[PDB]
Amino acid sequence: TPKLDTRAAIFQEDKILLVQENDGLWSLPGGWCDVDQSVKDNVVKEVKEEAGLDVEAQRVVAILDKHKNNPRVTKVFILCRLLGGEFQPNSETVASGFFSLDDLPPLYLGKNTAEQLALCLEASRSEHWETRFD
């Protein structure tokens, strides 16, 4: 079957949380779903490990086919609510920050486009949401 990728979208003052990798590109916390873990458990653990943050998985923004949306992977964008924490040294990422969608840092487009981040912001602002899929 297609490989599962999970991405967490965390907002504070409508600014999105992004993590920076060794190559200097920025992306939503996430990655390939651990075989023995569910989508929700996987995003929450990845946010803790990559951004030092405690979050609660809240809403499925979108389930998207990488080939149709990014430069065989099914990508699950999960809107998460911040509980707390702070960035800590780790083997996966080197920095994190809250970024305005009008002034984004260089993105790892294969992981998340500006369009997908804008979709996540719209999901965070909506009382009702229709999960997108293709």
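Residue numbers here begin at 1 and follow the sequence given.
Student: Classify the number of deposited-sequence residues missing from the model between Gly84 and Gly85: none, 1 to 3, 4 to 9, or 10 or more.
Tutor: Per the record, no deposited residues are absent between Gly84 and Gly85.
Student: On average, which has the higher Cα B-factor in the deposited entry, 16-24 or 114-122?
Tutor: Result of the comparison: 16-24.
Student: Out of 76-84 and 33-41, which stretch has the higher average CA B-factor listed in the record?
Tutor: Taking the mean B-factor of the alpha carbons in each, 33-41 is higher.
Student: Per the coordinate record, which of the options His128, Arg132, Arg7, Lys3 holds the highest CA temperature factor?
Tutor: Each of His128, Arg132, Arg7, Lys3 was compared by C-alpha B-factor; the highest is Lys3.
Student: Out of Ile63, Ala57, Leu104, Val47, which shows the largest CA B-factor listed in the entry?
Tutor: Within the set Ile63, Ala57, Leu104, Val47, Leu104 shows the top C-alpha B-factor.
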